[PDB]
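Spelled out, the chains give:
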Amino acid sequence: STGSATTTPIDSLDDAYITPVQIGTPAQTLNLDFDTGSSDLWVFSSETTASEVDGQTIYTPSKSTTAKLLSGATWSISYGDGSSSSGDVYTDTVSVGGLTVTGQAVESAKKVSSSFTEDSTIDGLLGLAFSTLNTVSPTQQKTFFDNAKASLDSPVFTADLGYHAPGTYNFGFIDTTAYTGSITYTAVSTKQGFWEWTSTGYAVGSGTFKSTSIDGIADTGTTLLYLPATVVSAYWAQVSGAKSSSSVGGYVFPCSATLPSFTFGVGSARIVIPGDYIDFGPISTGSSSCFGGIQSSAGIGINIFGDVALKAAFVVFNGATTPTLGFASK
């Protein structure tokens, strides 16, 4: 089997991407944030505290003839941005772009934190990291990809995120028309539960490439590119007037600037992030100070190749017995 679904930016900045997902019988379609940095499929639901729902589409298990309560199971998760959610668990039929999993754990939110409530466009998350990170207790549950893998034509999914435009998640096949050149594969460590790999270095604009190992995670659920402070300083030093602002929370730059590109290494290959991809707009409405798309990881504990980086590439998440990551230009 295979599946193929379009993923769409939630706003004009590409702050996140939503993909339609069918849950239950008859289908209930919710728009989920596919997140290669986490491993829970959770949804706004009929059980969510009513004051914490503000425009989202909800899953109502009592209207699904295939929903079954997973007795005793609870979940609770906290994300790197400080947000969180928790609740109970059902199993139900879940389909993404024509690909169907029966018995998928659907984690129903009873509580969500304010940033979820405040984002009316995201109905939940669909985690695509390794199942060792799943938070269901006392019986840990598998991700959608893990459940589908054995049935797929090939044990892979691909992320093809657009810049200010829709893109595609495919399951079970590699669309050879979706990229240019060849795909360069690189080793993955699953020891922290992430799609963790080592970039071979970077360049700023037309500058020379610096060969240096950068361990980080491929995370579709993070908006920006978070890298070591030395790398980020070298980038923003090429932008007149750019500075790190403690009051804003990162590097800002004059909105009148033209930003240089940023290149990262994948083995001997190179992925080029155009300068425009690094512009996240005014810090507040009407301001002439703009927020940068490359930020320091110094306070996280891990480097994060988020959407800014991933949307410059066609990315293969290879779930073979020994997982690997593939990157191609497009």
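The structure under discussion appears in the preceding block.
Residues numbered from 1 in each chain as written, not as in the entry; some residues may be left out. Heavy atoms only, no water. Residues with missing side-chain atoms left out of burial classes, pairs and counts.

Asks: Before we go on, may I ask you to explain the state of the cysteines in this structure?
Replies: Two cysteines whose sulfur atoms are joined by a covalent bond form what is called a disulfide. Under the defined criterion, the tally for this structure stands at one disulfide. Linked covalently through their sulfurs, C255 and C290 form a disulfide whose S-S length is 2.0 Å. An S-S torsion of about 105° defines the bridge between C255 and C290 as right-handed. Here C290 lies in strand β20 (residues 289-292) and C255 lies in the loop between β16 (250-254) and β17 (262-266), a separation of 35 residues in the sequence. Overall, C255 belongs to the partly exposed group, its relative accessible area being 27%. (Disulfide = S-S within 2.5 Å. Helix = DSSP H or I, 4+ residues; strand = E, 2+ residues; numbered from the N terminus. Buried < 20%, exposed > 50% of the residue type's maximum accessible area, 1.4 Å probe, protein only.)

Asks: What exactly am I supposed to notice about the side chain of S64 here?
Replies: Tracing the backbone shows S64 in the loop between β4 (41-43) and β5 (68-78). Classification of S64 as buried rests on a relative accessible area of 6%. The residues touching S64, leaving out its near neighbours within four places in the chain, are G24, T25, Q28 and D92. (Contact = heavy atoms within 4.5 Å.)

Asks: Before we go on, may I ask you to explain the packing of aromatic side chains in this structure?
Replies: Here a ring pair, both rings aromatic, is described through the centre-centre distance and the interplanar angle of the planes. Counted by the stated rule, this structure contains 25 aromatic pairs. Between the aromatic rings of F34 and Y169, the centroid separation amounts to 5.0 Å while the plane-to-plane angle is 40°, which identifies the pairing as tilted. Pair noted here: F34 is in strand β3 (residues 28-35) and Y169 is in strand β10 (residues 167-171), with a separation of 135 residues, a long-range link. Accessibility expressed as a relative area gives 1% for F34, which makes it buried. Given a relative accessible area of 2%, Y169 falls into the buried group. (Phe/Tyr/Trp six-rings, centres within 6.5 Å; stacked < 30°, edge-to-face > 60°.)

Asks: Got a minute to help me understand the sheet that holds strand β22 (residues 303-305) in this structure?
Replies: The pairing of strands in a sheet comes from backbone hydrogen bonds and takes either a parallel or an antiparallel form. The strand order β18-β17-β12-β13-β22-β14-β21 describes an open sheet built from seven strands, whose pairing is mixed. On the outer flanks of this sheet lie β18 (269-273) and β21 (294-296), each paired with one strand and no other. Across the sheet, the mean angle separating the axes of adjacent strands is 45° when strand polarity is ignored. In terms of strand pairing, strand β13 (residues 210-218) meets β22 through three bridges, oriented parallel. Looking at the pairing, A218 lines up with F305 of β22. Strands β12 (196-204), β13, β14 (225-227), β17 and β21 of the sheet are contacted by helix α3 (residues 229-236), whose axis makes an angle of about 140° with β21. (Pairing = 2+ DSSP bridges. Axes fitted to C-alpha atoms, helices over the stretch in contact; angles between N-to-C directions.)

Asks: Help me understand the pattern of salt bridges in this model?
Replies: It is possible for side chains of opposite charge to pair when their charged atoms get near one another. Following the criterion strictly, the structure yields two salt bridges and no others. Residue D14 is joined to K311 by a salt bridge in which the shortest nitrogen-to-oxygen separation is 2.9 Å. With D14 in the loop between β1 (3-9) and β2 (17-23) and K311 in the loop between α4 (307-310) and β23 (314-318), this pair connects stretches of sequence that are 297 residues apart. Across the pair, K311 and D14 agree in class, each one buried. A salt bridge links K330 to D160; the nearest nitrogen and oxygen atoms lie 2.8 Å apart. Remark: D160 occurs in strand β9 (residues 156-160) and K330 occurs in the segment after β24 (324-328); sequence separation between them is 170 residues. Looking at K330, the relative accessible area reads 38%, which means it is partly exposed. (Salt bridge = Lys/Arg side-chain N within 4 Å of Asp/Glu carboxyl O.)

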